[PDB]
Amino acid sequence: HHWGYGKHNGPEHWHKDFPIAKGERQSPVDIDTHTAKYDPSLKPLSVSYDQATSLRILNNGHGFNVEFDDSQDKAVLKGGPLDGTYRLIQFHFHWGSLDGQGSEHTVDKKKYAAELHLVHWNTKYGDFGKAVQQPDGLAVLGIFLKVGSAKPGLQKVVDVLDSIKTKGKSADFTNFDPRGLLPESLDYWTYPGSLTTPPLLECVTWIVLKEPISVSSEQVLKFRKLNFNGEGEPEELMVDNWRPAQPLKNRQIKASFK
Ligand SMILES: [Zn+2]
């Protein structure tokens, strides 16, 4: 039936409804740090989030999204391997039922507790809908989360989860600053890939940050209390909403650092 992360509707079943699941540039992938090619041509990333305007937080049945006003160049990403300006539209996380799993991408086979994705679309295309149809339509910034000390900037998000426990629930979520989720360093790996949830379109330039951010176990615990189900239905906890690593195939991962 509808895609999900369960035994009968999980990742291994997706290809039946979305054949692209078996495509040539699918994500996520395992980052082999020894075979990644350091590229001197890669410029530094430019993250301009000081004018960012968040509007709402929503439980979509497979995770939660924090949405932003993308009607103007308020929160943009440029530089790095990107040509042009990319507007922030929303961010979401992927996590596990246990601290030893949860991330989509892995580094030398290592899995992190969760992975944050900041989705941006190329302004040359006019709207998100047109952008996903292009090979250079999206730019997604991936950040790993490890369990350790608490991330002060994540608490606002953690506190509002009670309000959107079930599928379809949404809440006002204004004045949230995404800068508080960024690691100290901006060194990264980059490769051409896809969305990790259906429709799985191959329109993404992935920018995966080397440095993980730390969050407390109490913080990730609250993520695990969300529900996949709608109100009044049998409770199914939202855990392990991650897709496993796909074949790299004809692709080379480049590093911005040595
Ligand atoms: Zn994602």
# chains A, B, ... in the order shown; residues from 1 in each chain; ligands from 1
>>> residues_near_ligand(ligand="ligand 1", cutoff="10 Å", atoms="only C-alpha atoms and all ligand atoms", output="ChimeraX atom specification")
/A:27-28,63,65,91-94,103-104,115-119,140-142,195-197,241-243
>>> closest_atom_pairs(of="stretch 109-157 of chain A", to="stretch 203-209 of chain A", cutoff="6 Å", atoms="only C-alpha atoms", output="Markdown table")
| residue | atom | partner | partner_atom | distance |
| --- | --- | --- | --- | --- |
| A:132 | CA | A:203 | CA | 5.6 |
| A:134 | CA | A:203 | CA | 5.5 |
| A:135 | CA | A:203 | CA | 4.3 |
| A:136 | CA | A:203 | CA | 5.6 |
| A:137 | CA | A:203 | CA | 5.4 |
| A:138 | CA | A:204 | CA | 4.7 |
| A:139 | CA | A:205 | CA | 4.9 |
| A:140 | CA | A:206 | CA | 5.2 |
| A:141 | CA | A:207 | CA | 4.9 |
| A:142 | CA | A:208 | CA | 4.6 |
| A:143 | CA | A:209 | CA | 5.6 |
>>> write_last_selection(atoms="C-alpha atoms", output="PDB file, in the first residue's frame")
ATOM      1  CA  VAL A 132      12.959  18.598  -8.490  1.00  0.00           C
ATOM      2  CA  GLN A 134      16.215  18.991 -12.960  1.00  0.00           C
ATOM      3  CA  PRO A 135      19.605  17.295 -12.432  1.00  0.00           C
ATOM      4  CA  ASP A 136      20.897  20.357 -10.539  1.00  0.00           C
ATOM      5  CA  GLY A 137      17.559  21.269  -8.981  1.00  0.00           C
ATOM      6  CA  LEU A 138      18.283  20.688  -5.310  1.00  0.00           C
ATOM      7  CA  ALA A 139      21.143  21.127  -2.862  1.00  0.00           C
ATOM      8  CA  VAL A 140      20.819  19.236   0.433  1.00  0.00           C
ATOM      9  CA  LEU A 141      23.076  19.942   3.388  1.00  0.00           C
ATOM     10  CA  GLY A 142      23.469  16.802   5.500  1.00  0.00           C
ATOM     11  CA  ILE A 143      24.605  16.973   9.123  1.00  0.00           C
TER      12      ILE A 143
END
>>> atom_distance(atom1="atom CA of residue A:180", atom2="atom CA of residue A:155")
10.1 Å
>>> closest_residue(among="A:83, A:3, A:171, A:145", to="residue A:43", atoms="only C-alpha atoms")
A:83
>>> select_by_dssp(residues="stretch 14-238 of chain A", states="helix (DSSP H, G or I)", output="PyMOL selection string")
chain A and resi 14-16+19-22+123-125+128-131+152-164+178-181+217-223
>>> residues_around(residues="residue A:85", least_positions_apart="6", cutoff="6 Å", atoms="only C-alpha atoms", output="list in words")
residues 78, 122 and 123 of chain A
